[PDB]
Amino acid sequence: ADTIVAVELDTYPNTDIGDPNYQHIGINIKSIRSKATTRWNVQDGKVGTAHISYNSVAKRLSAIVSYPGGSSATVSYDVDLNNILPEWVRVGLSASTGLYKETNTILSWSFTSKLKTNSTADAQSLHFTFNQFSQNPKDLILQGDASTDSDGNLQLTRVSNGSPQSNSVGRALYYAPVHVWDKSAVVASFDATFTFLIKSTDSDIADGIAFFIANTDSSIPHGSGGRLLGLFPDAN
């Protein structure tokens, strides 16, 4: 194993590691080389939204990221996550800056998980929403440079005096592990939404924000930085 399924909001195109030659939105399955991508357009300074969906029966993993004004992108891949993921996982959001930098601010985050089966209702389920983040988020595993600011926002990557910083990595995970699958399960599904703010003084920006599902114990790998988005140790 050692596993990651992520949805990447990729803000710098490294054509050498199979990024398309433009800012994009992608689906990652065990590799940084996105299994599917669509054209995205960052809009420096604006609050964006990301909606992610998967359903064990339809087996389509789809995401959509939107800025107000109608300008939005969708991508979906098409994969049986029962076979990829472990039964228990932790969900999270992570982000990185490179030589080029940006704010990777999360203003809000929601997530639903259902393990229904039979005789209906719910064998197991989880829901959390955060619309403000506590100064001391006791239900989040903060990793690397991930902090909450005095605004009740989650700064995945470092920010000094209104300014982003180079070579930063932050991840935040939901404290509780999530039972994404069981042998006796009929359906499994999850839905995740988060709002983000990517801003910088420069027009050149790096490297992106991603939402990820991983193993319970998962921590920031080794060559995680820049364009590995805190997710993978190599570009394979």
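Sequential numbering from 1, following the sequence displayed.
Here 226-234 and 1-9 are compared by their mean Cα B-factor, and 226-234 comes out higher.
In this entry, the higher average B-factor at the C-alpha atoms falls on 157-165, of the pair 72-80 and 157-165. Based on the entry's C-alpha B-factors, the most elevated value among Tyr100, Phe130, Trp88, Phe111 belongs to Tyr100. For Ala123, the recorded CA B-factor ranks within the highest third of the chain. Only modelled residues enter the ranking. In this PDB entry, the Cα temperature factor of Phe196 sits in the bottom third of its chain's modelled residues, the lowest group. Ranked by Cα temperature factor within the chain, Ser184 sits in the highest third according to the deposited record. In this PDB entry, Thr105 carries a Cα temperature factor that places it within the lowest third of its chain's modelled residues. Per the PDB record, residue ranking by Cα B-factor puts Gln135 in the highest third of the chain.
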